[PDB]
2 protein chains.
Amino acid sequence: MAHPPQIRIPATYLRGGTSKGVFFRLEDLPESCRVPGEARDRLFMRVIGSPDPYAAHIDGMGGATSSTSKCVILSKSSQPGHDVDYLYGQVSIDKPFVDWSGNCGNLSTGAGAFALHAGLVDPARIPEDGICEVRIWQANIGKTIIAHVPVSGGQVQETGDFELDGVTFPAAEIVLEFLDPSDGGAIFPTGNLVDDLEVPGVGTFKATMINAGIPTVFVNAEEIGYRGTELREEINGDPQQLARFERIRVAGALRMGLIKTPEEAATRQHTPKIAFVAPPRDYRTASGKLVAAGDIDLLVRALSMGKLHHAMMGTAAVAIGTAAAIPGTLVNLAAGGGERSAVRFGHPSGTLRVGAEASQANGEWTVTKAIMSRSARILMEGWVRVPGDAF
Amino acid sequence: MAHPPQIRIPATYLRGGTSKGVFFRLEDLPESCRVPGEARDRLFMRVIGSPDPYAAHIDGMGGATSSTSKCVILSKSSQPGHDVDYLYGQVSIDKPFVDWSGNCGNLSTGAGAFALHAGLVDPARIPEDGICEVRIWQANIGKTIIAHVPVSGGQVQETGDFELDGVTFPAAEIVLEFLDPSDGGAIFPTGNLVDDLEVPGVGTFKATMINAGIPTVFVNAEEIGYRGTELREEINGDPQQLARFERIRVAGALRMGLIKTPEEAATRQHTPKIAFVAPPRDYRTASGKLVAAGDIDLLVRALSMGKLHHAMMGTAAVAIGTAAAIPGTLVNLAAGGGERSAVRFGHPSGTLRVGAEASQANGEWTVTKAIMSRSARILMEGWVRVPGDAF
Ligand SMILES: [Cl-]
Ligand SMILES: [Cl-]
Ligand SMILES: [Cl-]
Ligand SMILES: [Cl-]
Ligand SMILES: [Co+2]
Ligand SMILES: [Co+2]
């Protein structure tokens, strides 16, 4: 017949962190799609509803945003010491293209949960009640992610009271550890944990300039004239303040070797970031919610693209966690000094717990872990349908 | 336990026309949700991922647009001469509200298909191969919709080569008939099928002013200086042309009693619409595709909000079909006159087949049917999950 029925493909549609994706077990895919290739790419384009000239994904599982135009394959890992191989495809909205070159750290959370819903983890590793350490081989980039997935009654504990910025409703916390994570080069491009940063016409300030997550210039709130508790309204409305921060950011860029000249910074607004830190202090948000000093290890405020950020940027959260873990940095010192392999920092809209491990050898630091918390949940499970001739 | 597992609710996620919705059988809903009420509303808010302050529906089935924030309940009809009752809930994105007062004609297409996937139609009515006449009681507004759903092998024929504007991929055609469809009042507010419309400083033109679908002023292309084949670029770049059309539109508004004064039209830009018609003629689109005169019954071009529309507005498509069916209107005459209970018209980007039936009694016309074609397909089927405490 000219128009056979659609194919039904077992799938699970999950929220993983602040993204949605359609998840497949490798064995559930059509035979032609069980290796990488054009069939697989076509299949996922079609599941998602791409390429779409209307840019709306009305005819597929996509939501017409980068956060909602994603497919994931999990399989039992061939890689020693791992439970699952995790492959992530970013489906272009308007072009026929599936990009396999990246990772989605948000969908990693979903990979750990799905590994268990999918039956891909050795049951010797799954408690009746507790935590399952799901060992994920990120197959796109060749790196390990450990997802500590809570379990009740032998099944993933999905529900709970853990809040994640950008996730409307609270759910159960899944802690992720990115092992040996990888603008490359030295963690401390100046070779020092703290430098005297000269900012022409502004001052000379202590600063930690760190390349971890994202190149970031950190300074002490107090020294640059801030309390560390400031919210967006008291900064983002004063161009004089904002211009001053940019001067510090440019000075650090120069000192970090990210630009050769200060005018080069006009056209390099994304990195480095600029943030200021302080020891903990009670403060209230713009919303009205109180954060007590006892509840946090330090305060951090960061600017992105010339404005104070409302919470914290993802890669900058990694820079904080990394800097906190390395004793002697301004972030470490703000958090109390000594060992700080996990810290909870207060940002304008709430608090965030991050962590890191790092080691030293001939002055030279290596980051061995990035640690963060996210959540995941199943939205729908069953089968996706596509036309059989579409791939 | 403090956080029980999510509930799994049997559901089907379908595209119906140019919308997506989550479809339920009434019997599959939790007991508390099998009558209208707060539980049901909460359930659907939660399935969709509302209310969402981020306006992104990352934590639900919604797509954060009005077209993708919809839930549907079908049940076996209690209403004599009907197969299913069809209830549609529009879920607000940012407020906790489900609106049950409207219909979605696009999701009607999905209602007819789902009625069959859901097993809700008497099998005496379903062929092995042919068409199933699904008789839908639109429970929100109290009206009948007949969906002619194609069937192969005793199952809905979903796939096919029928194109619908706003639907990325072709699928099988489902013809819908809206029985006794219902700015109300007379179909012809002037009492005439054609009037002499005086447009100050522009001219006096034949016009059909019809209230069906939407109040529309129709004129003959030739008389107002157009060929009827014009595309957007040759009109939408000339303010003098656009101002002239608006004068005609205002003249018709006045004559239709929709405004008391011409200045009132400055703040009433949505109705009436203004369109011009012509007998069929070959033309090429901006894309480059040729439409032959033999393939169409007439040409129609409409303006909305002061600009030539790229195809045709939904409610204006109904006005065309209705006017075509009523012998003596300019639309009927453009289409060849006589009986025209279905017509295919050529618009700037393609062609559209619409239909109507109407009857006359003491000069007074009543529309008994609106007929149009759409398509539907299942995107995913199985179960949605929500937290059990969410509703
Ligand atoms: Cl195959
Ligand atoms: Cl496998
Ligand atoms: Cl219940
Ligand atoms: Cl029922
Ligand atoms: Co709770
Ligand atoms: Co085809």
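Just so we're on the same page: letters track the sequence lines, and every chain starts at 1.
- Both the backbone and the side chain of B/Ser67 have a heavy atom closer than 4.5 Å to some heavy atom of chain A.
- B/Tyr54 and A/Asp165 get closest at one heavy-atom pair: OH-OD1, 3.6 Å.
- Within the 3.5 Å criterion, the main-chain N or O of B/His3 finds a donor-acceptor partner in the side chain of A/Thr159.
- Distance NZ/A/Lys20 to CE/B/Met61: 7.0 Å, rounded to 0.5 Å.
- No other option in A/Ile378, A/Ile9, A/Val386, A/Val47 has as many heavy-atom pairs under 4.5 Å with chain B as A/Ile378.
- With a 6.0 Å radius and a threshold of 12 heavy atoms from other residues, nucleotides or ligands, B/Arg232 has its CZ atom at or below the threshold.
- Atom CZ of A/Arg34 sits in a crowded spot, with more than 12 heavy atoms from other residues, nucleotides or ligands closer than 6.0 Å.
- For chain A, the nearby part of B/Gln157 is the side chain; its heavy atoms alone come within less than 4.5 Å.
- Crowding of B/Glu27 atom CD: a count of heavy atoms from other residues, nucleotides or ligands under 6.0 Å exceeding 12.
- A/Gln6 CD to B/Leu379 CG: the interatomic distance, rounded to the nearest 0.5 Å, is 8.0 Å.
- Looking only at side-chain heavy atoms (C-beta outward), A/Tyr13 and B/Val384 stay at 4.5 Å or farther from each other.
- Judged by distance alone, the side chain of B/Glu381 and the main-chain N or O of A/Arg8 form no donor-acceptor pair under 3.5 Å.
- Interface remark: A/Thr65 contributes no atoms to any contact with chain B (heavy atom separation under 4.5 Å).
- Of the inter-residue distances, the one linking A/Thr168 atom OG1 with B/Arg46 atom CZ reads 8.5 Å to the nearest 0.5 angstrom.
- Annotation: maximal heavy-atom pairing with chain B below 4.5 Å, among A/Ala56, A/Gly60, A/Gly63, A/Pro5, occurs at A/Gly60.
- Shown here is B/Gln155, whose CD atom has no more than 12 heavy atoms of other residues, nucleotides or ligands within 6.0 Å.
- To the nearest 0.5 Å, atom CD1 of residue A/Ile58 and atom CZ of residue B/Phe169 are 13.0 Å apart.
- In this structure, A/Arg377 contributes its side chain and B/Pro387 its backbone to no donor-acceptor pair below 3.5 Å.
- How far CE of A/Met380 is from OG1 of B/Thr12: 6.0 Å, rounded to the nearest 0.5 Å.
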